[PDB]
Every structure is written in C-alpha cells, then in structure tokens.
Amino acid sequence: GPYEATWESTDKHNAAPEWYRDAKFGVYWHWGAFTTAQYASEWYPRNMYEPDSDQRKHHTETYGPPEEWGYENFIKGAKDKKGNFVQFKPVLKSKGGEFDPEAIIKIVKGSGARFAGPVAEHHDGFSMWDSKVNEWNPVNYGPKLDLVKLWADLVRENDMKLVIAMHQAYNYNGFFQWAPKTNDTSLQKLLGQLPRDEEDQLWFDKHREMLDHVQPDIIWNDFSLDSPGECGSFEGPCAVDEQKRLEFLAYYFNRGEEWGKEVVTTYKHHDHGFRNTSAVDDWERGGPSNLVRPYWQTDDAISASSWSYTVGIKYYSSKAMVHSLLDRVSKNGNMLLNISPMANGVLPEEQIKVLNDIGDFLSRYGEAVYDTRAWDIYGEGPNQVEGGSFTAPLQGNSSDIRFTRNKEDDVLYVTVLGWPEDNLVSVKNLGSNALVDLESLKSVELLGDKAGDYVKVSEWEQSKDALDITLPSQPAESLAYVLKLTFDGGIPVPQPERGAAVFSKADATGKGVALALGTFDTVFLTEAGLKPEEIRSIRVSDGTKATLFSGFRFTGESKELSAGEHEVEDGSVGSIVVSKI
Ligand SMILES: *[C@@H]1O[C@H](CO)[C@@H](O[C@@H]2O[C@H](CO)[C@@H](O[C@@H]3O[C@H](CO)[C@@H](O)[C@H](O[C@H]4O[C@H](CO)[C@@H](O)[C@H](O)[C@@H]4O[C@H]4O[C@H](CO)[C@@H](O)[C@H](O)[C@@H]4O[C@H]4O[C@H](CO)[C@@H](O)[C@H](O)[C@@H]4O)[C@@H]3O)[C@H](O)[C@H]2NC(C)=O)[C@H](O)[C@H]1NC(C)=O
Ligand SMILES: *[C@@H]1O[C@H](CO)[C@@H](O[C@@H]2O[C@H](CO)[C@@H](O[C@@H]3O[C@H](CO)[C@@H](O)[C@H](O[C@H]4O[C@H](CO)[C@@H](O)[C@H](O)[C@@H]4O[C@H]4O[C@H](CO)[C@@H](O)[C@H](O)[C@@H]4O[C@H]4O[C@H](CO)[C@@H](O)[C@H](O)[C@@H]4O)[C@@H]3O)[C@H](O)[C@H]2NC(C)=O)[C@H](O)[C@H]1NC(C)=O
Ligand SMILES: *[C@@H]1O[C@H](CO)[C@@H](O)[C@H](O)[C@H]1NC(C)=O
Ligand SMILES: *[C@@H]1O[C@H](CO)[C@@H](O)[C@H](O)[C@H]1NC(C)=O
Ligand code: NA
C-alpha cells in the first residue's frame with residue numbers, strides 16, 4: 001500500500017473517520033487467563049509475584065508459592081493447594097458449559113454499542129487468537145478455542161464494528177518484573193524475558209497476525225508504546241522500538257486501504273508512542289474537563305476496582321454510565337465501556353442490567369447521541385467531572401445540561417440529567433447575557449417515550465440569565481431527558497460568560513465558534529468549523545483577554561485583545577489563547 005513506516009507518511013491517515021465519530025458508544029471486555037484467579041484485578045499475573053503483596057499472599061495460600069506455582073499454571077492447568085484443578089478453560093454452552101459468547105454479543109448489541117470486541121492480548125503474554133508467533137494461546141492450551149475469532153465473527157454477525165484491544169507492550173516493559181528468571185525460551189516469551197529486539201519484533205508480529213486474522217475496524221492500544229516513567233521500578237524505556245511502532249501503523253493503514261475500510265487506532269493520551277495526527281487519543285477511566293479537539297475517546301470500566309472479574313466486585317450505576325457517556329460525547333469524544341465476564345465465561349446479571357439500562361436509554365434517545373457532533377459549549381451546571389484520566393464518572397441531576405447538535409448544525413439537543421421538579425429548564429448559554437438571538441428558534445420539543453415521538457414545548461422565555469423552558473408533561477421515566485431545539489438557518493453562536501467567539505465576517509456575524517478559557521490551535525479551530533485564516537472578527541467577553549498568534553500552535557507574532565469586539569485581518573491568525581484577567 002501507499003503508507004511507509006515514517007511519521008510523515010502515517011500522519012496522512014485520517015485519525016477519526018465519520019462512522020467512528022457517529023458511533024459514540026462501544027463495549028469491550030477484559031476476559032482471559034488473567035481472570036482465572038478472580039482476585040484483585042487484571043494485574044494479578046504481575047502482583048502474584050510481588051514481594052510482600054496481598055496478591056502474593058493470596059496466591060501462596062491458594063495455589064502455592066509463585067516461585068513453584070507460576071502464572072503459566074493458569075494457562076497450562078494445575079491443581080491448587082486443596083487439590084482442585086485450576087485452568088483458564090471456558091466451555092461452550094453448546095458443549096454443556098457456561099460460556100455463551102453469542103448471548104453476550106446479543107446483550108452488547110442490545111446495549112446500543114456500535115463497536116465491540118475483546119481484549120485480544122493483555123499484558124500477560126497470552127494471545128487469545130490462533131497464533132503462530134505466540135504459542136501461549138487458547139487454541140494450544142485450555143479451552144482449545146480461538147476466542148478472538150469467535151468473538152469477531154459474532155460481532156460481525158450482529159452488525160457492529162469490531163474493536164480489538166492490545167496491551168502487549170507492557171509485557172516486556174516491566175509487567176512481569178517480579179517473575180523468576182527462566183531459561184525456558186518458551187516461558188521467556190510469556191513472561192517478557194526475550195531479548196528486547198526480539199520482543200519489539202514480537203510486538204509488531206502479534207499486531208500483524210491478529211489484524212490479518214480478524215480485520216479489526218479499531219485497534220486499541222495500551223500504554224508503554226513510549227511512556228517513559230510509567231513502568232514503575234522496572235529498569236527500562238517503557239516503550240516499543242520506534243521503527244516497529246511505525247511499521248505497525250503503516251501495515252494497518254495499508255490493510256485498511258486494501259480492505260476498503262476506514263480503520264482507527266487508539267493509544268493512551270499521555271503516551272507518546274503514536275501521534276494525534278493519525279491515531280485517536282484515549283483517556284483511561286476519565287476524560288477531559290473541557291471540550292477537546294481533535295476527536296478523542298474515553299475507555300472506562302463497569303467497576304471502579306478492576307477491569308477483570310473478581311470475587312466481590314462492585315459496579316457503577318447505570319446512571320453513572322449514561323451520564324458519563326453524555327459528558328464525553330458532549331466534549332467531542334466517544335466512550336468505550338469495559339465489561340467483565342467471570343473466568344467461566346458468564347456475564348454477571350448486575351452487568352447485564354447496566355448494559356440493558358444503557359440500551360434502553362440509547363434506543364429511546366439515540367437521536368441526541370448517535371450521528372451528532374459536539375456543540376461549541378459542552379454543557380452547564382454544578383455537577384462536573386474533575387478532568388483527566390483516573391477520575392470519577394459523572395453523576396448529574398436536573399441541574400445539569402449536556403449539549404449535542406446535528407450535522408446540519410440547525411438542531412441543538414439539550415439533554416438534562418434528571419427531571420426538573422420545578423418543571424423548568426434554564427439554558428444559560430441561550431440567555432441574553434450570552435448575546436443569543438432566538439428569533440430563529442422555530443420549535444422546542446421534548447423527546448417522547450419512543451424514538452421519533454415528540455411532545456411540543458409551548459412555553460419559554462429568554463431572560464438575561466437563560467433561555468427559560470417550561471416543560472410539558474413528564475414522559476416515561478428515564479435517566480436523562482432530551483429537549484430538541486430547531487433553528488431556522490443554524491444554531492446561534494453563544495458568548496461565554498468568560499471566553500470569546502470568533503467569526504468569519506468582520507462585524508461579529510457569519511459562521512462563528514464560541515471559545516471557553518483555554519488554548520485553541522489550528523486543528524481545534526478547523527475541526528470546530530472555522531479555519532483560523534478565515535477569522536475576520538472576535539468578540540472577547542468581559543473579564544477575559546484573547547491572544548492571537550500567527551503560528552499553528554501558539555508560536556509566532558502575537559497580539560493581545562481585551563473585552564469587546566475586534567476586527568481581525570484575514571489570514572493573520574493561526575491559534576488563539578483565551579485567558580481570564
Ligand atoms: C532538569 O530540567 C531539564 C529541563 O526541563 C530536563 O531536561 C529535559 O530532559 C529530557 C529528558 O532527557 C529531554 O528530553 C529528551 O530530549 C532528547 C533530545 O531532544 C530526545 O531525543 C529524548 O527523546 C528520547 O528519549 C525519550 C525518553 O526520555 C523517549 O521517550 C523518546 O522516544 C526518545 O527516545 C529515542 O532516543 C533515545 C535516546 O535518547 C533512544 O534510547 C530511544 O530508543 C529512542 O530512539 C529512537 O527514536 C529516535 C527519535 O526519537 C531515533 O533517532 C532512534 O534511532 C530510535 O528510532 C527526550 O525527549 C529534554 O529535551 C530536556 N529539556 C531541556 C530543556 O533540556 C531534565 O531532565 C531535568 N532533570 C531531572 C533530573 O529531572
Ligand atoms: C497533539 O500532539 C501534539 C504534538 O505532541 C501536541 O502539540 C504540542 O502542544 C503543546 C501544547 O500547546 C505545545 O506546547 C506549547 O508550545 C508553545 C511553543 O513552544 C509554548 O509556548 C507553550 O508554553 C506555554 O504554554 C504552556 C501550557 O501549554 C505553559 O506551561 C507555558 O508556561 C507557556 O505558557 C504561556 O503561554 C500560554 C499560551 O500557550 C499561556 O496560556 C500561559 O498563560 C503563558 O502565557 C505567557 O506567555 C505567552 C507567550 O507564550 C503570553 O502570550 C502570555 O501573555 C504570558 O506572558 C507550550 O509549551 C507543543 O509545542 C506541541 N508540540 C508540537 C510538536 O507541536 C498537541 O497538543 C496534541 N493535541 C492534543 C489535543 O492533545
Ligand atoms: C540460565 O542460563 C544461564 C546461562 O547459561 C546460567 O548461567 C544460569 O545458571 C541458568 N539458570 C539456572 C537457574 O540454571
Ligand atoms: C443537584 O445537584 C446540585 C449539586 O450537588 C445540588 O445543588 C442540587 O440541589 C441537586 N438537585 C436536586 C434536585 O437534588
Ligand atoms: Na491525519
């Protein structure tokens with residue numbers, strides 16, 4: 001294909017294709033030999049060896065000292081201290097067992113997921129497809145099933161895009177740092193003890209083999225691609241060889257061309273291993289506090305404590321999952337949710353209930369989520385996420401709004417995260433302090449009990465503070481409620497209380513983009529709908545200043561502008577910093 005293994009070549013790949021931006025919600029699952037112990041977390045293979053750890057204590061009490069009863073015994077099978085045979089060995093329901101992958105995929109489809117798939121290989125050295133490059137796989141050992149192909153075929157049967165998650169970099173960058181050294185070269189491959197050049201080649205070879213095997217639409221990657229400092233006390237670069245990373249990107253993007261598919265690869269947003277030119281940034285167990293461009297995603301888990309099933313595990317509420325989805329989508333991201341089957345392949349009913357509830361929401365209110373795009377302001381209200389990876393899911397109430405809009409940019413969806421007891425929704429960013437003219441607001445509708453049904457909202461007034469909307473009769477109960485505001489000729493450009501707005505015409509009219517406090521480079525402004533060379537005026541809010549830069553990303557000649565309206569020379573702006581005074 002046309003891609004070469006260089007940054008410059010692979011940069012030209014379209015990172016986030018339109019189907020992926022339309023999709024919004026996906027589901028994957030950490031299920032593998034690391035689940036076998038059903039203890040602590042998916043890091044059990046690492047921590048069972050850790051000096052003085054609870055996991056080591058548990059392991060020693062249950063199986064044996066890890067120096068004798070090593071991690072590989074979960075894959076190959078061994079008796080525990082009470083004589084019970086232990087092995088990762090799911091058995092299909094069609095064979096009399098408890099593993100029903102078809103039922104799990106139907107549950108996932110029912111949740112509203114538009115992409116789905118397995119962790120194909122975590123940090124633990126176990127490839128879960130029929131692998132020639134890695135003998136540590138579930139066709140050779142355990143269930144004698146190509147689990148990744150089974151999942152992939154079922155995802156395609158059920159008309160979802162296929163995501164495959166790969167975490168095989170940390171395998172040799174410290175995950176197994178406390179495992180005994182071995183001279184068994186097969187066992188070295190499991191435990192990440194091969195020579196580093198061989199491990200770097202194996203990282204690529206695993207990707208190549210997997211992606212030719214199941215042709216994924218998205219390849220999700222974990223950290224240690226190039227994340228120095230993130231691999232704890234292990235002495236190493238916490239990285240994959242740069243050449244092998246580039247070979248992966250070129251190989252996958254070339255296969256995408258060959259297959260006639262727009263493919264996606266993701267990586268952890270703090271990791272430096274790929275570039276946000278051609279790969280999508282993934283925020284782990286969290287997401288930004290602000291609207292971020294370019295398009296990004298969250299991957300979060302149904303449990304706070306683990307990605308993989310453990311005995312006694314507790315789960316987030318449906319409310320937290322739906323409100324968090326709305327938050328990410330409003331901020332220009334997708335949300336990929338991890339679920340956690342037990343070692344025997346059963347999906348616990350508490351998890352099924354969460355997925356069912358998400359699906360009830362999306363099947364009713366999907367118009368406000370699927371196929372939408374972020375507005376320029378993501379939302380309003382007192383309940384907000386902290387921002388960053390490893391932060392708490394959102395749980396909001398009737399005081400909170402999240403915005404989305406249609407592709408035609410003349411419908412604004414106002415999603416309220418609870419039913420207002422006062423029967424009032426006040427939208428601050430559509431009030432007159434926001435300098436919003438509502439002459440073009442043609443209709444306000446409440447989305448009803450099933451998709452495509454609307455209840456007319458007849459009473460509203462625009463105050464200084466807000467567009468004050470009086471609600472019709474409460475529809476069937478739901479985790480959030482959606483107002484649909486339809487405009488003649490496009491949604492108005494709001495003036496943030498603190499922030500700015502930029503325009504394509506010289507007099508603060510025309511195409512516009514509202515900006516919060518923050519830093520907005522050429523990529524941001526372009527994706528928001530206004531190439532910076534087309535900016536011809538800016539309105540800076542009270543208590544705010546804006547600094548215009550000629551450069552792409554806060555370099556070059558700069559000019560500071562205080563509160564008020566200002567004309568801007570065509571082709572003079574590349575990026576903008578909006579700051580509180
Ligand atoms: C005190 O404060 C000062 C000022 O803030 C601190 O200085 C900063 O220190 C940084 C860390 O040393 C330094 O960043 C480095 O800059 C060099 C030159 O620009 C850059 O090459 C470095 O990037 C490499 O290393 C990082 C890990 O730090 C990797 O994440 C990265 O991928 C790069 O790895 C490549 O080079 C390595 C050799 O250095 C190879 O081992 C590695 O395999 C990889 O090689 C591949 O890629 C190459 C291209 O990247 C390619 O040529 C090669 O063939 C392979 O394909 C890193 O960014 C800052 O520049 C520096 N800042 C200033 C202003 O001086 C200082 O740390 C503070 N002190 C303390 C104690 O904290
Ligand atoms: C996609 O990946 C790419 C590639 O990795 C990412 O690009 C990187 O983006 C970085 C963040 O923008 C950028 O760093 C910036 O580079 C400029 C140019 O060297 C530098 O001036 C920036 O430093 C300022 O900003 C940082 C915060 O980002 C501050 O910590 C720092 O003290 C500097 O602050 C000053 O400027 C800011 C404006 O940027 C002000 O907000 C701040 O208050 C302060 O203002 C004073 O100085 C101003 C003059 O500079 C003046 O106007 C003002 O009045 C004050 O006197 C920062 O280091 C990287 O260069 C860039 N890398 C590449 C290779 O392009 C990109 O972010 C990724 N995209 C996403 C979405 O993550
Ligand atoms: C592993 O091989 C090295 C190299 O021959 C040798 O020095 C070491 O003793 C071997 N390890 C064990 C446990 O015998
Ligand atoms: C919603 O949450 C906000 C912030 O905690 C709180 O001030 C408000 O009273 C809550 N609304 C209801 C109806 O509980
Ligand atoms: Na690109």
Side-chain angles (χ1 to χ4, degrees), residues 1-24 26 28 114-118 120-121 127 129-133 148-149 151-169 200-222 225-226 240-268 271-282 293-297 333-334 336 371 373 407 523 526-527:
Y3 291 97
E4 300 161 2
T6 69
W7 292 117
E8 50 267 26
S9 178
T10 56
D11 279 349
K12 300 204 61 59
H13 178 255
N14 190 30
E18 299 300 302
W19 71 258
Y20 169 82
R21 301 180 191 232
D22 289 347
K24 304 310 189 187
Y28 79 126
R114 279 194 174 178
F115 53 108
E121 179 168 348
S127 300
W129 64 97
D130 193 346
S131 174
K132 300 186 218 168
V133 302
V148 166
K149 176 111 297 290
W151 290 123
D153 286 350
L154 289 167
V155 167
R156 258 52 143 97
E157 287 179 22
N158 286 280
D159 299 316
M160 291 175 295
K161 295 270 184 172
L162 178 67
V163 55
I164 295 289
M166 297 289 288
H167 319 232
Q168 82 284 19
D200 285 318
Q201 184 66 52
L202 184 60
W203 178 91
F204 169 81
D205 286 347
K206 285 170 168 183
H207 269 317
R208 179 213 100 258
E209 191 185 63
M210 175 279 295
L211 71 86
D212 283 338
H213 193 55
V214 301
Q215 303 188 1
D217 299 294
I218 306 163
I219 297 178
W220 180 107
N221 294 269
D222 216 334
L225 298 183
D226 183 13
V240 171
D241 178 74
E242 184 195 36
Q243 182 188 6
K244 293 311 162 200
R245 284 181 271 130
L246 285 166
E247 287 174 5
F248 163 67
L249 293 168
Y251 193 93
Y252 187 37
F253 296 164
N254 279 332
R255 288 308 197 200
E257 288 280 349
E258 180 184 353
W259 302 333
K261 303 208 298 187
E262 302 170 292
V263 301
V264 179
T265 193
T266 77
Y267 72 114
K268 290 291 174 70
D271 190 330
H272 305 295
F274 296 161
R275 293 183 179 185
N276 58 36
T277 49
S278 57
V280 176
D281 285 27
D282 176 297
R293 305 184 177 280
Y295 209 92
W296 52 275
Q297 70 166 44
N334 285 348
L336 170 58
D371 306 339
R373 295 291 183 273
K407 290 180 184 190
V523 169
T526 298
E527 193 191 69

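No hydrogens, no waters, no symmetry mates; every other heavy atom, side chains included, goes into these values. Counting begins at 1 with the first residue of the sequence.
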So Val240 and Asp226, side-chain contact (heavy atoms from CB on, under 4.5 Å) or not? Walk me through it. CA-CA 6 Å; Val240 171; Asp226 183 13; over 6 Å; no

Separation between CG of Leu246 and CD of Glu8, rounded to the nearest 0.5 Å: 8.5 Å

Take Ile219 and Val263 through the side-chain contact (heavy atoms from CB on, under 4.5 Å) test and state the conclusion after the steps. CA-CA 8 Å; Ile219 297 178; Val263 301; over 6 Å; no

Quick one: salt bridge (charged side-chain N to carboxylate O under 4.0 Å, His left out) pairs with a partner in residues 273-282, sequence neighbours left out? none

Heavy-atom pair of closest approach, residues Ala5 and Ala250: N-CB, 3.8 Å

Can you tell me how far apart CG (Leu249) and OG1 (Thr277) are? Round to the nearest 0.5 Å. 9.0 Å

What pairs with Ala16 under side chain to side chain contact (heavy atoms under 4.5 Å, CB included), at least two apart in sequence or on another chain? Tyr20, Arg21, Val280, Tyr295

What are the two closest heavy atoms between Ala120 and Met166, and how far apart are they? CB-SD, 3.8 Å

What are the two closest non-hydrogen atoms of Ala116 and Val155, and how far apart are they? O-CG1, 3.7 Å

Look at the side chain of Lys261 and the backbone N and O of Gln215, then say whether any donor-acceptor pair between them is shorter than 3.5 Å. yes

CH2/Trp151 to CG/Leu154 distance, rounded to the nearest 0.5 angstrom? 7.5 Å

For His207, enumerate each residue passing the ring pair (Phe, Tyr, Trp, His ring centres under 6.0 Å) test, keeping only those at least two apart in sequence or located in another chain. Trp203, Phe248

Do you know the tightest heavy-atom contact between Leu202 and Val133? CD1-O, 3.7 Å

Quick one: side chain to side chain contact (heavy atoms under 4.5 Å, CB included) partners of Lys149, sequence neighbours excluded? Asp146, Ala152, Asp153, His213, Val214

Test of understanding: with salt bridge (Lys or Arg N to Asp or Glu O under 4.0 Å), list the residues that count as partners of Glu258, not counting sequence neighbours. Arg255

Partner set under side chain to side chain donor-acceptor pair (under 3.5 Å) for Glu242, not counting sequence neighbours: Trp7

Is the backbone of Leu336 close enough, under 3.5 Å, to the side chain of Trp220 for a donor and an acceptor to pair up by distance? no

Excluding sequence neighbours, so at least two apart, what forms side chain to side chain contact (heavy atoms under 4.5 Å, CB included) with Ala279? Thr265, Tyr267, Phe274

Does atom CD of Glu18 have more than 12 heavy-atom neighbours, drawn from other residues, nucleotides or ligands, at distances under 6.0 Å? yes

Of all residues at least two apart in sequence or in a different chain, which pass the side chain to side chain donor-acceptor pair (under 3.5 Å) check with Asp200? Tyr172

Set of residues satisfying side chain to side chain donor-acceptor pair (under 3.5 Å) with respect to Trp259, sequence neighbours excluded: none

What one should report as the nearest heavy-atom pair of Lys24 and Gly333 is CD-O, 4.5 Å

So, using ring pair (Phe, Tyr, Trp, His ring centres under 6.0 Å) as the criterion, who are the partners of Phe253 when residues are at least two apart? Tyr3, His13

Below 4.5 Å, heavy atoms only, C-beta onward: do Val523 and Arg293 meet side chain to side chain? no

Nearest 0.5 Å, what's the CD-NZ distance between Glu121 and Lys206? 3.5 Å

Are side-chain heavy atoms of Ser131 and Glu209 found at a separation under 4.5 Å? yes

Quick check for you: to the nearest 0.5 Å, what is the distance between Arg245 atom CZ and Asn221 atom CG? 11.0 Å

With a 4.5 Å heavy-atom cut-off, do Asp222 and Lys268 have their side chains touching? yes

Among all residues two or more places apart in sequence or in another chain, which pass the side chain to side chain contact (heavy atoms under 4.5 Å, CB included) test with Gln201? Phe204, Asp205, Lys244

Residue pair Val264, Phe115: steps toward the side-chain contact (heavy atoms from CB on, under 4.5 Å) verdict: CA-CA 12 Å; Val264 179; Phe115 53 108; over 6 Å; no

Side-chain touch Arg156/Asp217, heavy atoms, less than 4.5 angstrom: yes

Derivation and outcome, salt bridge (charged side-chain N to carboxylate O under 4.0 Å, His left out), residues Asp371 and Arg114: CA-CA 11 Å; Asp371 306 339; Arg114 279 194 174 178; 3.0 Å; yes

Partner set under side chain to side chain donor-acceptor pair (under 3.5 Å) for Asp22, not counting sequence neighbours: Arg373, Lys407

